[PDB]
**Student:** 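One structure is given below, represented as structure tokens, and several questions about it will come after.
When a ligand or atom number is given, it counts from 1 through the structure's own listing order. Values reported hereafter were calculated over all heavy atoms of this structure, with side chains retained and with hydrogens, waters and symmetry mates removed. Numbers here are sequence positions counted from 1.
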Amino acid sequence: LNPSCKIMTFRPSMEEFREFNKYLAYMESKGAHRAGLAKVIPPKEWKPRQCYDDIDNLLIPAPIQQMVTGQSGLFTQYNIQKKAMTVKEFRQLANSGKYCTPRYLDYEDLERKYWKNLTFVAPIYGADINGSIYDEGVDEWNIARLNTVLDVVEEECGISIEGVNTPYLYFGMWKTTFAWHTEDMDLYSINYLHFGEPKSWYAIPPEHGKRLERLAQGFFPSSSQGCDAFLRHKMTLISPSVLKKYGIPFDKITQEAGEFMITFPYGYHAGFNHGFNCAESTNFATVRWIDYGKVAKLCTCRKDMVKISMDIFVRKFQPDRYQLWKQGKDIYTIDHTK
Ligand SMILES: CCN(/C=C/N(C)C)C(=O)CNCc1cc(C(=O)O)ccn1
Ligand SMILES: [Cl-]
Ligand code: NI
Ligand SMILES: [Zn+2]
């Protein structure tokens, strides 16, 4: 049990690291999910790719220029699509004087500069790129093939996962942002920083996520009246100063190159990149997630958001509740600590 709901860091030996599914069960048995986010540092011997040199030639089809509007810790973001770029040209852009990381003392100093400089030069994010850059044959923690409940349902029952268990690449530069959100259907996610500058994360315990939602509804009431789950648009920024002021419990942590971050069901998170970097991530599920997916609040203003039917999961893994659930009588409130 993790009663403070603080973000945990794990350093498994190679023997402990080999099987991701087993280690994830271990992390939750230590209460790691109560923070909504955890870090895993793999042993120094492990390498998902021997050489990153040829990633320079990888094409970024639709780089995103992030426009931020607002003031004093409350901002809305929108995106402007830019012309296709290779990684090499993106890296040179990121390291130019207009876009490079500012000088800083420590991560805390840099965090301050992030929140002070959001509304000046708009950073460009090479985000949401289909693909993986693991070497072929890496069997440990292969983001492209984790073999979780999502995969079992797709391969054995022939049910469309809607591409949420496929890998995505993120080429960041300084000040590029991911806004406050939980994952689609309130799924888990895993994120590996292949190389480059760090990525800083903010996390809200699942047991306090509703308080973040109430706070955001009061500060963005127009966004709120337009969509019940508007935070899923990933356009809402709220600074740690605002969260402290209104008593929202949260934690922060910086992910360095070579480290995994895992987000848990209904764990709100947000953050920013320190500089040029490259990350890979996917969504996944465990049996524990099923009760979250059954009550996840979905986006009601856009046509084809990611909506996965829960029927197969309840029928196969919750046989004792299936008919009650389809009857509308499977009433419960989630215990985020178990
Ligand atoms: C599993 C990857 N994924 C699926 C992308 N599709 C929505 C396009 C996500 O939505 C991840 N959630 C956004 C996000 C982005 C970042 C980031 O910008 O590095 C960090 C944490 N979370
Ligand atoms: Cl700056
Ligand atoms: Ni995310
Ligand atoms: Zn919506």
**Student:** Should the ring pair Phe230 and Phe220 be called parallel, tilted or perpendicular, given that the plane angle runs from 0 to 90° and is split at 30 and 60?
**Tutor:** tilted

**Student:** Rounded to 10 degrees, what angle sits at the Ni ion (ligand 3) between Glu183 OE2 and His269 NE2?
**Tutor:** 90°

**Student:** I'd like to know if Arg49 and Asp54 make a salt bridge, using a cut-off of under 4.0 Å between side-chain N and carboxylate O.
**Tutor:** no

**Student:** I'd like the atom name of the N/O/S atom in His181 lying closest to the Ni ion (ligand 3).
**Tutor:** NE2

**Student:** Do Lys294 and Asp330 sit within salt-bridge range, that is, some charged N less than 4.0 Å from a carboxylate O?
**Tutor:** yes

**Student:** What angle, in degrees and rounded to 10°, do you get at the Zn ion (ligand 4) when you join it to SG of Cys227 and to SG of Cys299?
**Tutor:** 120°

**Student:** Whether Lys307 and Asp184 form a salt bridge (side-chain N of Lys/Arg under 4.0 Å from carboxylate O of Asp/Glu) is what I want to check.
**Tutor:** no

